[PDB]
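These protein sequence lines are chains E and A, in that order. Each number in the working numbering corresponds to the 1-based position in the first sequence with 117 added. Each number in the working numbering corresponds to the 1-based position in the second sequence with 117 added. Yeah, the Cβ is synthetic: ideal placement off N, Cα and C, and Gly gets one too.
Protein chains: 2
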Amino acid sequence: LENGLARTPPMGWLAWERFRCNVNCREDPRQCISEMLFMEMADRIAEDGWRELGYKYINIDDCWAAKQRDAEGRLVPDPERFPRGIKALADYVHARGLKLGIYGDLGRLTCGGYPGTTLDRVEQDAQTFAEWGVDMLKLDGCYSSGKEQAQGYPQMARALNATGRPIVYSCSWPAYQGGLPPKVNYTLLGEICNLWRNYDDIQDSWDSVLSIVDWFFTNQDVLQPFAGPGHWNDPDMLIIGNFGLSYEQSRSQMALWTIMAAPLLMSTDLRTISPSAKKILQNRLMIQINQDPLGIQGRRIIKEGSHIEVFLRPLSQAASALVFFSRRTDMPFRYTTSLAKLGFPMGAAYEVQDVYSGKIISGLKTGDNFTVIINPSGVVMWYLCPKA
Amino acid sequence: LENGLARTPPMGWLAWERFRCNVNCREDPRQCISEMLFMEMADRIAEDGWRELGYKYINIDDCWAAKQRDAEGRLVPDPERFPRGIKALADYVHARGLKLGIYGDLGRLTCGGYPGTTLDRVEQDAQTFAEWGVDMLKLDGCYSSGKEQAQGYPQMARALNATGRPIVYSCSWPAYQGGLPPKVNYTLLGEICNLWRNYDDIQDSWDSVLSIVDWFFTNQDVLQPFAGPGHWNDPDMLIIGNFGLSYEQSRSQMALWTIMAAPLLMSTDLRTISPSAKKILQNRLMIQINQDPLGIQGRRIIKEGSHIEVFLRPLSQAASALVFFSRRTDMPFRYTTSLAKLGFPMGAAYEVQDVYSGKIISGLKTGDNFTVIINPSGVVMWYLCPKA
Ligand SMILES: *[C@@H]1O[C@H](CO)[C@@H](O[C@@H]2O[C@H](CO)[C@@H](O)[C@H](O)[C@H]2NC(C)=O)[C@H](O)[C@H]1NC(C)=O
Ligand SMILES: *[C@@H]1O[C@H](CO)[C@@H](O[C@@H]2O[C@H](CO)[C@@H](O)[C@H](O)[C@H]2NC(C)=O)[C@H](O)[C@H]1NC(C)=O
Ligand SMILES: CC(=O)N[C@@H]1[C@@H](O)[C@@H](O)[C@@H](CO)O[C@@H]1O
Ligand SMILES: CC(=O)N[C@@H]1[C@@H](O)[C@@H](O)[C@@H](CO)O[C@@H]1O
Ligand SMILES: *[C@@H]1O[C@H](CO)[C@@H](O)[C@H](O)[C@H]1NC(C)=O
Ligand SMILES: *[C@@H]1O[C@H](CO)[C@@H](O)[C@H](O)[C@H]1NC(C)=O
Ligand SMILES: *[C@@H]1O[C@H](CO)[C@@H](O)[C@H](O)[C@H]1NC(C)=O
Ligand SMILES: *[C@@H]1O[C@H](CO)[C@@H](O)[C@H](O)[C@H]1NC(C)=O
């Protein structure tokens with residue numbers, strides 16, 4: 118989508134995976150979906166170093182609105198959970214130099230049972246969001262037919278533009294259509310959306326992450342070519358800092374999402390996040406690679422019988438990123454190979470930096486053998502710069 | 118096995134899961150299987166508070182011996198990796214008030230390719246181990262037929278007794294025979310072994326733990342009745358502190374192994390263990406419940422459609438232990454029920470202590486509703502004492 122936005126994958130926080138549709142603010146004041154949740158996450162992003170790293174979006178997901186539109190047919194937030202309205206929430210977030218994202222559903226109902234954005238409501242809702250000061254909109258697709266979606270998604274892109282307010286547009290259209298051609302036309306998506314959810318919702322478990330990793334890389338031929346500045350593939354939220362991932366697994370998700378040029382939308386409680394989880398999510402070099410200006414999504418290039426997978430992502434400044442991933446469940450594994458074997462130019466030399474450890478290799482020749490030790494369900498990630 | 122040993126499930130450290138058959142001491146001085154590994158783990162157990170809690174066994178697993186017996190037909194440790202011999206290692210461990218465990222295989226070869234204990238070598242090997250000062254022996258079953266195992270396992274029990282040295286005897290016999298009756302006779306196992314590996318080796322992943330949990334509880338009817346002081350079911354090593362389990366998952370394994378009256382044999386690097394992992398493994402109340410004098414293995418009593426499972430273990434002093442386990446992957450879950458609904462006596466009251474948080478409930482009436490909040494892949498564990 119050529120609206121000057123999302124020239125790099127969107128970075129921020131999104132409520133869904135971690136908080137879901139919790140409306141029990143009486144017993145879960147901090148974990149329930151309310152204006153307070155977003156204001157506090159905004160303070161967290163603004164105060165704990167996240168903002169400086171690039172994390173700027175504070176996104177509201179499903180279950181924020183009243184169970185019905187007002188009499189005028191407009192969407193309104195839940196009165197008890199959002200007593201100051203959305204515009205006020207936006208100002209608050211804006212005052213911190215952050216941006217506010219909201220959620221809607223192209224259909225009769227949102228997946229959670231809240232007011233849906235039917236075709237006759239698209240222009241009005243887009244208008245309502247802009248007036249509130251919204252900066253990003255995720256449009257879900259429950260309760261709408263393929264025909265209705267084919268009309269509605271492009272229609273909402275036009276409506277958003279008409280408001281004159283630049284709004285990042287995240288589309289779930291592909292996921293509802295199976296995520297693959299011919300049913301999905303990624304060329305069209307690139308023209309109308311800034312990013313799109315291609316596949317299943319991420320759940321809080323390592324197997325969920327693996328399921329997403331495997332679907333995207335198995336189908337990379339029909340997905341990788343359509344990602345770029347202004348239009349990204351979205352494998353869903355980062356679940357680092359939550360309940361299901363071990364330390365190694367957490368680093369694995371961050372590394373693989375970076376290879377995929379995926380949005381870095383955290384869905385975790387920033388008020389209780391652990392130091393190790395924070396350290397992973399705040400890795401500057403990792404973020405630099407994810408945010409690379411060229412926006413060329415990487416690919417899996419090797420699947421060893423040793424249960425080791427290798428990924429490569431081409432970058433700006435003639436650089437590259439490599440991820441060595443172990444799916445073994447026995448012990449740290451010694452993977453030995455050479456850049457030449459991985460496909461790099463002959464007779465060259467590279468300065469290599471281990472993204473997580475910081476260790477550097479001054480001048481690795483492409484013909485030289487090297488060994489990396491990868492832990493179970495973990496990765497070793499390299500940033501490579503050619504010497505001249 | 119009535120040898121006065123293992124009146125409570127064995128507690129200690131075992132090398133296998135974490136270190137496997139690593140013999141590359143040149144590049145992995147600390148992680149390779151050598152006398153140094155065991156001496157250092159012994160120092161760890163003796164110095165970091167483990168010994169006082171009950172952890173006393175330091176067990177050697179596969180890959181410790183020379184590739185062949187000496188000329189006299191006796192087992193000898195690998196010369197380079199165990200330069201001071203086993204007896205010296207035992208003395209060292211003994212000097213710390215700990216005990217040394219060793220590994221052997223009833224067959225032509227150990228699963229790792231090391232010298233096996235064939236039938237004609239049983240008496241000699243049992244003799245060799247006693248002389249070295251061995252305190253525990255795990256007898257694997259690779260490369261032996263069912264007929265040979267039926268003869269060898271009982272035969273080794275007799276050989277060990279004859280040495281006059283009390284030796285905990287861990288038998289893998291059932292695992293090789295499928296772990297279920299009629300092929301396996303757990304009454305016989307109770308007579309000849311102190312503990313037995315009934316099922317598959319644990320690997321470093323949550324799915325491995327779940328696979329073990331599900332097999333044991335699905336088949337609890339033919340397993341639970343045969344566990345007791347002196348003879349236990351062994352679901353394998355604790356992998357808390359390693360690469361594949363998240364924090365919640367780690368607590369889940371500890372809690373479920375405690376419900377199963379399982380041996381608490383840690384297989385992790387005690388030199389680098391995290392504070393949180395250490396805190397889980399050193400939980401005194403948890404250990405007290407695992408070590409309960411009655412030795413009555415618990416059972417799964419409920420499988421909700423909410424993906425919540427409930428476990429109960431009867432204890433001494435008319436007490437009980439309950440585990441509420443969530444296999445959901447969405448968010449913390451509120452499980453509401455009553456002790457009456459769980460099956461407890463009517464019109465009674467209990468003092469309840471949350472094993473992990475320490476929070477206490479003074480006098481919970483069996484008829485009163487209560488709610489516990491369980492995190493994804495996590496547990497809530499209670500210790501209950503009746504009031505009078
Ligand atoms: C509506 O669409 C127009 C283009 O159709 C957007 O204008 C483009 O903005 C980008 C970045 O600001 C420029 O690089 C292009 O040159 C512009 N194109 C044209 C035709 O001028 C405009 O930003 C959109 N409006 C909103 C609010 O999204
Ligand atoms: C060999 O077996 C005998 C029993 O057959 C063991 O002796 C028993 O030891 C326990 C605990 O010390 C006592 O409770 C029993 O009363 C003993 N039984 C008998 C018949 O005396 C003996 O400990 C075993 N020897 C070894 C080295 O394991
Ligand atoms: C593909 C897609 O957008 N899925 C969304 C999910 O992310 C979340 O927003 C949920 C809220 O109910 O609704 C849909 O399942
Ligand atoms: C059931 C059983 O004992 N399995 C063992 C395993 O625990 C480990 O000792 C390994 C060493 O090679 O051998 C067997 O697979
Ligand atoms: C996909 O959409 C683009 C953009 O509208 C269009 O040019 C192209 O023809 C479509 N492809 C197919 C197979 O319909
Ligand atoms: C490099 O390592 C590979 C093993 O992956 C080996 O086959 C090859 O012979 C090595 N090359 C040299 C020059 O040692
Ligand atoms: C199981 O072993 C015990 C102990 O030797 C024996 O008494 C019993 O008969 C055996 N059960 C069967 C079915 O063979
Ligand atoms: C106790 O909670 C259950 C829900 O599990 C509910 O059905 C029941 O009515 C409650 N009992 C009382 C007295 O509130």
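- Straight-line measurement puts the Cα of E:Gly233 at about 7 Å from the Cα of E:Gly221.
- Not one heavy atom of ligand 1 lies closer than 7 Å to the C-beta of E:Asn359.
- DSSP lists A:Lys482 as the bridge partner or partners of A:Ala466.
- If you look at E:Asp178, you'll find it isn't in any alpha helix (DSSP H); DSSP assigns it neither H nor E.
- Look at the stretch 121-139 of chain A: the residues with a C-beta under 8 Å from a C-beta of chain E are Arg135, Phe136, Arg137, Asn139.
- Within the stretch 314-325 of chain E, those residues whose Cβ lies closer than 8 Å to any Cβ of chain A are, in chain order, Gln320, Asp321, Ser322, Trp323, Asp324, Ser325.
- Listed along chain A, the residues sitting closer than 7 Å to E:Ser363 by beta-carbon distance are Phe360, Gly361, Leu362, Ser363.
- Counting only runs of 3+ residues, the beta strand (DSSP E) found wholly inside the stretch 363-445 of chain E occupies 381-383, 416-420, 425-431, 437-443, in chain order.
- Under the 10 Å beta carbon count, A:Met448 is surrounded by 16 or more other beta carbons and is classified as buried.
- Counting along the chain, A:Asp222 sits inside the beta strand (DSSP E) bounded by residues 216-222.
- Contacts between A:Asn492 and chain E, judged by CB atoms closer than 8 Å, involve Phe360 in chain order.
- A:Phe360 has its alpha-carbon roughly 27 Å from the corresponding atom of A:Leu215.
- With the criterion set as a beta carbon lying under 7 Å from some beta carbon of chain E, the members of the stretch 432-459 of chain A are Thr446, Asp447, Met448, in sequence order.
- Judged by DSSP secondary structure, E:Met156 falls outside any beta strand (DSSP E) and instead within the alpha helix (DSSP H) spanning 152-164.
- Within chain A, the C-beta atoms nearer than 7 Å to that of E:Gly495 come from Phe360, in chain order.
- Here DSSP, grouped into helix, strand and coil, assigns A:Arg275 to helix.
- Residue pairing for E:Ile477: DSSP places it in a beta bridge opposite E:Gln470.
- The continuous stretches of alpha helix (DSSP H) do not include E:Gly229, and DSSP gives it neither H nor E.
- Using a cutoff of 7 Å, the CB of E:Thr227 counts as near ligand 3, since one of the ligand's heavy atoms is closer than that.
- Distance check between A:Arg191 and each of A:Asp242, A:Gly229, A:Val440 places A:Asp242 closest, using alpha-carbon atoms only.
- Cα atoms of E:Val193 and E:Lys173: separation of roughly 24 Å, rounded to the nearest angstrom.
- For E:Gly129, the enclosing beta strand (DSSP E) begins and ends at 128-131.
- The three-state reading of DSSP puts A:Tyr293 in helix, counting H, G and I together.
- Within the same chain, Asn176, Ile177, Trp181, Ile203, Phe246, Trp249, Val251, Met253, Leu254, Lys255 come within 8 Å of A:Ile219 by CB-CB distance, once the 5 residues on both sides are set aside.
- For E:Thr335, the enclosing alpha helix (DSSP H) covers residues 323-335.
- No Cβ-Cβ contact shorter than 8 Å links A:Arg143 with A:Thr385.
- Judged by their CB atoms, E:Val239 and E:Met273 are nearer to each other than the 8 Å cut-off.
- E:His348 has its alpha-carbon roughly 18 Å from the corresponding atom of E:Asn336.
- Closest by C-alpha distance to E:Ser474, out of E:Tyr452, E:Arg451, E:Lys396, is E:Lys396.
- Restricting attention to E:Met128, E:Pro346, E:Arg213, the CA atom closest to the CA of E:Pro410 is found in E:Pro346.
- According to the DSSP assignment, A:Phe450 belongs to the beta strand (DSSP E) that extends over 450-455.
- Listed by position in the chain, the residues whose beta carbon lies within less than 6 Å of some heavy atom of ligand 6 are E:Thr453, E:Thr454, E:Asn486.
- Within the same chain, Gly171, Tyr172, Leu381 come within 6 Å of A:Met128 by CB-CB distance, once the 5 residues on both sides are set aside.
- The set of residues with any CB-heavy atom separation to ligand 2 below 7 Å comprises, in chain order, A:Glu119, A:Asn120, A:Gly121, A:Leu277, A:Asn278, A:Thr280, A:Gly281, A:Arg282, A:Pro283, A:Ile284.
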